[PDB]
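**Q** Sequence below, structure please.
(chains A, B, C and D, ligands or ions: 4)
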4 protein chains.
Amino acid sequence: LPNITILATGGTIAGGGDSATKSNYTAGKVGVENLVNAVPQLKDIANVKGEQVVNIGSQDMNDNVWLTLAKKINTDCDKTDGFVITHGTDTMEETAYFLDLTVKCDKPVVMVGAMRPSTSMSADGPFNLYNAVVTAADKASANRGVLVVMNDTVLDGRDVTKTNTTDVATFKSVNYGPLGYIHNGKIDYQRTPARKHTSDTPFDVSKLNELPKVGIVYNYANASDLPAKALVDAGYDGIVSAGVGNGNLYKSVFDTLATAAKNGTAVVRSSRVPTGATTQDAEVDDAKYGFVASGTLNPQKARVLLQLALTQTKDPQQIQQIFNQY
Amino acid sequence: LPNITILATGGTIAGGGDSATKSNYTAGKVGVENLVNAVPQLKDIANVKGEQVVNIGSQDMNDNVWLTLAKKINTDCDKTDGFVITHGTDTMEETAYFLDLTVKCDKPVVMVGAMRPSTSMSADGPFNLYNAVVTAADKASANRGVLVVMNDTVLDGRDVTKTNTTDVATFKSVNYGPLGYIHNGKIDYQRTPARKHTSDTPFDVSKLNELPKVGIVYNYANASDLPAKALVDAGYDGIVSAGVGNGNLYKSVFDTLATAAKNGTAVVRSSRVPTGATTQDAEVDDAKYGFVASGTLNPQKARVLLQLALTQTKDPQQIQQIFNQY
Amino acid sequence: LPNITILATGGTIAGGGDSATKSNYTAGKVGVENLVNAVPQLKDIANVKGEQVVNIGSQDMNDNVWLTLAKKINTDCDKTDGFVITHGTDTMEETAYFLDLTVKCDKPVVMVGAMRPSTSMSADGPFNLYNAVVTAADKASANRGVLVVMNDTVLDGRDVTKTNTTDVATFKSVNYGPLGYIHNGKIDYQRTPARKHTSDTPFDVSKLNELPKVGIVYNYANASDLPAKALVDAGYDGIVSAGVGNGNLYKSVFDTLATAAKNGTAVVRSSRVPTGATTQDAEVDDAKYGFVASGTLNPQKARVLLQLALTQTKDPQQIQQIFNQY
Amino acid sequence: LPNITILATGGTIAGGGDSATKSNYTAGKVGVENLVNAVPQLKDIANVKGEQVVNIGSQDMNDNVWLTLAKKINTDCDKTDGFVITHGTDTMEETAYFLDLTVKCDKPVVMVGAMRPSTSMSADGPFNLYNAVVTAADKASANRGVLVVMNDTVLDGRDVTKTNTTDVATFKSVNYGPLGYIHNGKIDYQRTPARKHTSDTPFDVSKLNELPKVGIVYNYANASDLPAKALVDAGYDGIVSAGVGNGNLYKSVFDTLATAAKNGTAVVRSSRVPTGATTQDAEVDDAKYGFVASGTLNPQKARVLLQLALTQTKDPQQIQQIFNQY
Ligand SMILES: N[C@@H](CC(=O)O)C(=O)O
Ligand SMILES: N[C@@H](CC(=O)O)C(=O)O
Ligand SMILES: N[C@@H](CC(=O)O)C(=O)O
Ligand SMILES: N[C@@H](CC(=O)O)C(=O)O
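**A** Numbering: from 1, shown residues only, chains lettered A, B, ... in the order given. Ligands and ions are numbered 1, 2, ... in the order given. Okay, here it is:
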C-alpha cells in the first residue's frame, strides 16, 4: 500500500461540542492521531503517518502556516507517496490555492475538512478523510495540482470555493466544475485544471519568512474609502477590490485605488459576485488606471496570486499576464 | 390599461457602446424616453410615464438616491397603479432591499436592469423592461414587497442577489428561490416572502436627509484589522463583518470589533459565502460580545437593515430581534 | 414533549451492507425500533412511537402503499401530534406529493430517507431522522402541506425532487426553493407553498382500493411510439409525456397520443428537463389536441396529480384547471 | 479570416411567431441565409458559407439526420476550417454527443440554438450564432470534441444537457462544468474533456444507413412493464432504463429487462435524476443480470452510445467497457 502523510492544521474536522445534537462547538481541539484512530479502514488503503503542524480554526489561518505547509511538503516530498492536509473549511480555498501555486512536489496533495464537528450526529469528517486518502493514494491524482476532496468530490485548488455557510455539500468549483467523483473508493477523473500550477509556476517560497502585504476592500452602495486609505497609509504592497458586478468600484474607492496604483500599490479588481470573471474590456479602463483584472479569481484567491506575483514583479502588465496564466 | 410610472436611475439598461459585438460600453447615458420608445409593445399592456431621477452606474449608488427613491414612491403612490425602477445590476440587490423596508406604497414596485448594453446584439433590456411592466401591472404582484424582475423571473427584494459577473440569468434568490416565472406576459406566483416588508416595517425615512454610517470589512487568511480600526476611528454607527464560513472573523478583526461592540458600535456578523445563514450558536458567542448574526442577509444587505435598525435603536439585543423579523 | 408517530416504509435509511466503506447494500432491511433506538437523542425532543407499514426499496413503491399511508394518517390523525415517514429517496418526491394531495390531517407530515445506508461511514440517516422529528414537532410546520426534510432543509412535497444520484444534498425544490433551514434543532420558515394541498383539495382516497392507471412515455431523437401504443392498448386512463424541452413530442408519439386524447385518454404534456414549467401557448396547441400542460410538475408528479384528477373528472379543461390550482 | 461552414437543421433559432411579445411560434421555419444576414458582424471574424441539411424542430430529430450530419462533416472536413450547426435546443444534447463520437474531422464542430424565436424581443439567436462562429473560428477550440455554444459558454458534447424548459441559460454541463467562457469575442478555455471523442473513437458510420434500434423506458412508483415488453416484442437491439435514483428499476420493469438481458437484448441502467453517475456496486448486481451502468450519461445520451456500442459488439461486458471510455 502507498505511504501518505496527514498534515493537521485543525478545523471543524478536528472540532468538538458538548453534545451530538447541539450546534455549539470549538475547532482545532482533537489531535491528528484521534482523527486517524476514528477511521481504521485507512489502514486497508494506505500506511498513514499523522503530523500536527498547528491546531487552529482556519478563520485564524495566516501566511506563517502557508509558508510552513509549502516548505514541509516540498522538503518531505521524497519520503512519502502522497499528502492529505486536514484543515478548516472557512479558508480551505485560500490555503489550497497558495499551495497549488507554491508546492513543487508532483505527488498528490489533497486537502479535506468537515462542516459538522467530529462529535456531531452524522459527522461528515470520517468519510471525508477516507475519500481524501483514497484520492491522495490514487495513481490518477498526480500532476492535477493541489486538490480539495469534500462530499465524494475531487475539486482543483484554483476554482474550489465554499458556496454555503452550513451545508456539507458547500464546496464546489463554481466556474469550471469538479475533476472527478468518488464512488466505492474509486475515482472517475474527466477533467484536469488547464491553468499552470505547482512545479509549472515561478513562485518559490523556500527561503521566504514572510509574503508581501495584500489586503481586500469591499464595494457596495455609499462605500467608505477609509478601508482603502488605511491599507494605503500602512504602505500595503497590494489591494484586491471585491468590486460590484464585473469588478466595478464605488466612486470614492475608485479615487483612492486609482491614486494608489500610480503611487506604488498593485491594485487587482476582483468581485464580491461569487461566480464568473472580472473581465478587462468592461466599464473600467485598466490600462488607463494601471489596474489588474482578477478574472475568475474571487477576492481571497486574487490576494494569494498577487502576494506571490509581488515576490517576482511590481509591473502591472506582468502581474496581469500572471493573472492570465495562473 | 393600468398606469405604471418608470423611475430611471441609470445602469447598463441605459448603457451604450460603439459596437453591438464589442463588450466596451459606458453606463447610464441613455434617457428614459428612449428605453420606453425602444419597447412600443409596452402600450399593449400599460400606460407608461417616464421620470429620470438620476442617470448613474449603480456602482456609484448611495444613501441620497435611496432616500430620494423611497420619498418619491411614497409621495406619488396614488397617482399611479405601480412603479418600475430602471437601475444598474451592480447594487440593484441593495436598493431593492432598502425600498423593501422603507416603501409604504402597497402597489407593485418592480426593479429591472440589463446585463448587456442597449446597443448589444441580443440586448436583454427590452424584454426585461416589458416583463418588469407586466409584473408591475399584475394585480397578483400586490403585497409581495419590492420586486426584482430579471430573465423572465419575479424575485423578492430581500433574497435576490447578483450570482454571476456577466450572465443575463445572474439574478437568483439563492436561499428561498423566486416568487413566480413569467411566460406569454402572465405570472404563476407560488411563493411570497414570510419576512415583513414595506408598510409592515416600523422604518420611516420620510423626514431623514442622511442614514446612519455602516461600513463593511472583509475576512480572509491574515486579514488586516486596519479597515475595521479606520471605521471605529471615524465613529461609524455600525460595522458589518463579511465573515469567513458561518460568519467567523480573523482574530485581529475579532479583537477590534469586540472592542467596538463594548464601546457601543453595532457589529453584525455576515459571510463572504454567497448562500446560507450566519447563525447564532456556532463558534461565536453573540450574547457575550454583543454581536448580531445577519442570518441569510449577505454583507451589503446586512448593511441596509443595520442602517435602518440604527434609526430605531442602538441596543444589540433589539437589533438582533429586527434581524430575526425583517 | 409532543407525540410523534414514525411510519416506516423502508428505504436506504433502513438499508445495510457488509462494510461501512463499501457501496454495496440492500434497502428496507432494519425495522422502525432499530432506526429510532439508533438515535436516542429523539427522547430530548419527542415521545417517539414506531409502526412498520412496509419494508421495501422505494423503487418498488406503488399505489397500494400510497393508499394505506394516506388512510393511516387520516384515521390516526387525532391520536398523535405529528407523523414522520421513513422512506426511500428514489420515489420520495412521488409519495410526498400523493400525501400532499390526499392527507386531510392538518398536523405536520414529514418524509425522510438517507442517501447512505445505516451501516455506511458518516451515515446521513440518524441526523436526517432527528431533523425530521424536529420539523414534525415544530408548531410552525403546521398548514405547510406534506414536507420532505433532507440535509438540514424543509422542502414542500410539490416542488421537491431528487437532483443528484448519490449526493446527500440531492433533494432540492428546484423551481420555487425550500420552506426553511434547520440549525440547532430550530427552523426559520420564510416560505409556504401557494398551490392548494392536503385539506384544500377535493381528492378523497378513503374508500378507494385502486388508483386510475397512468403511465409515462419518454421523448427523444427517433422516439418509438410502441411504449405509448402499449398503454393505449391496455386502455390506460391517463398518459403523461416526458416531453423534450417545453414538453414537445416526437411526431410518432404525438400521433399516438393525439388519437388517444380524442378517444378519452387523459394526455398530460410534462418534460424530461429537470427545471421549468411545461407551458401552454408554446409549439403545441393543447386546446386543439385536448392535451393538458403539466406546468412545473415533472413526469413523476404529473402522474400523481392526473391519477387523482381522474377520480373527479375525465374532462381535459377541468384537469387543466386542476393542474393550475394543485 | 477562417472559412466557417454553417449546417442548418432548423430549431427555434430558425423559429418565428406572429408577435415579438407573444410566446406562440413555429420551429424550423427560417432559412440559413436569413440567419446569416441577421448577423452582419459574422464577416468581421470569418468567411461564412451556409447549407440547409434539413429544416425541422429537433423534437423530430432522428438517426437519418444524425448519419447525414456525421458523413457531411467527415466528407467536407478538408473544404473548411470549422463547422457551426444551427439546431433546435430540445435534442441538441443528443445530436452533439452522436457527432462527438462519430465525426473524424479534427476541426471545431460547434452546435447552436436559440430559446427565443428570431422574431422575439431580446432574441438570443443572433448573439448565440456570432459566439458559435467565434468558437468555431478559435484555433484553441480544436481537439476538444464536438461543442455546444449557448449563453457566452462553451460546453462539451458529452456532459451538456438542457436544464430548463424556457431559460436562455438552460444549457449546462451539469456534472463536470463548461470548457470556457466567451467575453468580447475571446475564450478563456480552462478545461477539456478527458473521455475519448471524434477521431479517437473506433465508431465509423461512413457505410451505415441504419443505427441499432435503442428505446428508452421510464421508472416511477407502480411503473408499467408494458413499454419495456413492447420494445422486447419488436426485437429492439438495445433498451435504456430511465431509472429512479442510482439507476434503480421498479419490480415490473426489472423482471422484463432481466428477461430481455438474458435473451440477447443490451440493457443500460441510466437515471431520470438529472445529475450524477448511475454507478455499479449499489443495489443492482450488474454482473448477475448482465446490465450496463451508464455513469453520468442520462437516458437520451446513454441511448446514443448504446446504438454505437451495438455496431461493434453485443457482449454486455464489452459494452460496459465502452461506457467507461466514451
Ligand atoms: N471555523 C471552521 C469551520 C469549519 O472548518 O467547518 C474552520 O474553518 O476552521
Ligand atoms: N455597472 C453597471 C452594470 C449593469 O448595469 O449591468 C451598473 O450597475 O450600473
Ligand atoms: N433505492 C433506495 C435509495 C435510497 O433510499 O437512497 C430507495 O429509494 O429505497
Ligand atoms: N422545439 C425547438 C426548441 C428550441 O429550439 O428552442 C427545437 O428543438 O427545435
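
**Q** Where do the strands of the stretch 51-200 of chain A begin and end?
**A** Ranges of strands within the stretch 51-200 of chain A are A:82-86, A:109-112, A:147-150, A:153-156, A:160-162, A:171-173, A:180-183, A:186-189, based on DSSP state E, counting those that start in this stretch.

**Q** does stretch A:33-42 come close to chain C?
**A** Yes - counting by Cβ under 8 Å from any Cβ of the partner chain, contacts between stretch A:33-42 and chain C involve A:39, A:41. (Each C-beta comes from the backbone N, C-alpha and C, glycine too.)

**Q** likewise stretch A:131-145?
**A** No - counting by Cβ under 8 Å from any Cβ, chain C is not contacted by stretch A:131-145; separation bottoms out at 9.2 Å.

**Q** contacting residues around that stretch?
**A** A:1-2, A:4, A:6, A:42, A:45-46, A:48, A:81-84, A:100, A:106-112, A:147, A:149, A:152, A:154, A:156-158, A:179-180, A:182, A:185-187, A:189, A:192-193, A:197-198 (Cβ atoms under 8 Å, 6 or more residues apart in numbering or on different chains).

**Q** Buried residues, it. List them.
**A** A:131, A:132, A:133, A:134, A:135, A:136, A:137, A:138, A:140, A:141, A:144, A:145 (16 or more other Cβ atoms under 10 Å in any protein chain shown).

**Q** quick one: the helices in the stretch 51-200 of chain A?
**A** For the stretch 51-200 of chain A, applying DSSP state H, counting those that start in this stretch gives helices covering A:63-76, A:92-102, A:125-137.

**Q** Give me whichever of those helices is most buried.
**A** Comparing the helices of the stretch 51-200 of chain A by mean neighbour count (mean count of other Cβ atoms under 10 Å in any protein chain shown), helix A:92-102 comes out on top with a mean of 27.

**Q** from the chain's centre, how far out does it sit?
**A** Centre-to-centre, helix A:92-102 and its host chain are 4 Å apart (Cα atoms, centre = their mean, to the nearest Å).

**Q** got the angle for it vs strand A:82-86?
**A** For helix A:92-102 against strand A:82-86, the angle between stretch directions is 150 degrees (axes from the mean of the first three to the mean of the last three Cα atoms, to 10 degrees).

**Q** what about helix A:92-102, near chain B?
**A** Yes - against chain B, helix A:92-102 shows contacts by Cβ under 8 Å from any Cβ at A:94, A:95, A:98.

**Q** Smallest gap between the stretch 1-150 of chain A and ligand 2, at which residue?
**A** Residue nearest to ligand 2 within the stretch 1-150 of chain A: residue A:93 (26.3 Å; Cβ to the nearest ligand atom).

**Q** check contacts around that residue.
**A** Here residue A:93 is in contact with A:148, A:157, A:160, A:161, A:162, A:171, A:300, A:301 (Cβ under 8 Å, 6+ apart).

**Q** Without its sequence neighbours, what residue ends up closest to the closest residue to ligand 4 within the stretch 51-200 of chain A?
**A** Per Cβ to the nearest ligand atom, residue A:177 is where the stretch 51-200 of chain A lies closest to ligand 4, at 24.3 Å. Leaving aside its sequence neighbours, residue A:177 sits nearest to residue D:177 (Cβ to Cβ, 6 or more residues apart in numbering or on different chains; 2.0 Å).

**Q** Isn't the one you found up against residue A:172?
**A** No - the criterion here is Cβ atoms under 8 Å, and residue D:177 misses it with residue A:172 at 9.2 Å.

**Q** Spit out the residues that contact those two alike.
**A** Going by Cβ under 8 Å, 6+ apart, residues that sit against residue D:177 and also against residue A:172 are residue A:178.

**Q** More neighbours: the two, which one.
**A** residue D:177 (24 against 21; other Cβ atoms under 10 Å in any protein chain shown).

**Q** ok, now how distant is that one from residue A:77?
**A** Distance of residue D:177 to residue A:77, given as Cβ to Cβ, to the nearest Å: 30 Å.

**Q** which of the contacts of stretch A:131-145 count as buried?
**A** Looks like the contacts of stretch A:131-145 have A:2, A:4, A:6, A:42, A:45-46, A:48, A:81-84, A:100, A:107-112, A:147, A:149, A:152, A:154, A:156-158, A:179-180, A:182, A:185, A:187, A:189, A:192-193, A:197-198 buried, using 16+ other Cβ under 10 Å.

**Q** For chain A, what lies in contact range of chain C?
**A** A:19-24, A:39, A:41, A:44, A:116, A:120-128, A:130, A:151-152, A:166-169, A:181, A:183-185.

**Q** Mind giving me the ChimeraX select for these, buried ones only?
**A** Selecting only the buried entries of the residues of chain A next to chain C in ChimeraX, with 16+ other Cβ under 10 Å as the criterion:
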select /A:20,21,22,23,39,41,116,120,121,122,123,124,125,126,127,128,130,151,152,166,167,168,169,181,183,185
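
**Q** From the centre of chain A, point out the most distant residue.
**A** residue A:288 (31.1 Å; Cα atoms, centre = their mean).

**Q** Specify the local secondary structure of that one.
**A** helix (DSSP: H, G, I helix; E, B strand; the rest coil).

**Q** Tell me the spacing between it and ligand 4.
**A** Per Cβ to the nearest ligand atom, to the nearest Å, residue A:288 is found 42 Å from ligand 4.

**Q** quick one, domains of chain A?
**A** When chain A is parsed with CATH domains of a matching chain, its domains come out as A:3-200, A:214-324.

**Q** and the end-to-end length of the longest one?
**A** Separation of the first and last residues of domain A:3-200 by Cα to Cα, to the nearest Å is 25 Å.

**Q** And for stretch A:12-27?
**A** End residues of stretch A:12-27 are separated by 5 Å (Cα to Cα).

**Q** So is that stretch next to ligand 1?
**A** Yes - using Cβ under 6 Å from any ligand atom, stretch A:12-27 reaches ligand 1 at A:12, A:27.

**Q** now that stretch: how far from the chain's centre is it?
**A** 24 Å.

**Q** Any residue of it touching chain B?
**A** Yes - residues of stretch A:12-27 contacting chain B under Cβ under 8 Å from any Cβ: A:22, A:23, A:24, A:25, A:26, A:27.

**Q** Tell me how many other residues surround residue A:47.
**A** 14.

**Q** So what sits opposite it in the bridge?
**A** Residues in a beta bridge with residue A:47, per DSSP bridges, are residue A:3.

**Q** That one: what's it in contact with?
**A** Residue A:47 neighbours (Cβ under 8 Å, 6+ apart): A:1, A:2, A:3, A:4.

**Q** I am finished for the moment; much appreciated.
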